[PDB]
């Protein structure tokens, strides 16, 4: 069973796949491309977008669809059909925000303006809604860790790059961030992975 992950040299939307792998102890090759190799590959893929996962000469796309596939009947999945939902909902609420950023804007000031808006106007509200949804439970979904707990910590990672005082009023979020990061197989990948801004 053969794994070639394709994406740019960034955590980005691949990091949810790379946390899963290294958690669930599975060998993959981590194929990281140059911004200038991209069009040559972009042309050949059915949907022109990455990440993508090749699974013995089979081509998968859409990080979360993939993420959801590598966790169907595993302990990062929800212990029940309802908890699979909340997981997917939690993930999509975060992707919904993360997906808002003009990541690929080449006009810098125009980009910075848009990033700053969202990080002051929309961010704290998302953090709020999250903390409350967490309330006082140990994980986001049910009684153990799930990949939604991973998406969160990953999304939170990149947001923290751009606005450090973000979780100041949410220790229960810094707690959760940190409790996800201290997991053996997670903790170790965080130590080894390439060191990219994004």
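Positions refer to the first chain, counted from 1.
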| property | result |
| --- | --- |
| Mean C-alpha B-factor comparison - 34 to 42 and 146 to 154, higher one | 34 to 42 |
| Of 74 to 82 and 90 to 98, the one with larger mean CA B-factor | 74 to 82 |
| Position of residue 115 among the chain's modelled residues by C-alpha B-factor, lowest, middle or highest third | highest |
| Residue 137 - Cα temperature factor, lowest/middle/highest third of chain | highest |
| Lowest, middle or highest third - CA B-factor, residue 188 | highest |
| Residue 13 - which third its CA temperature factor falls in, relative to the rest of the chain | lowest |
| Third assignment of residue 55 from its chain's C-alpha B-factors | highest |
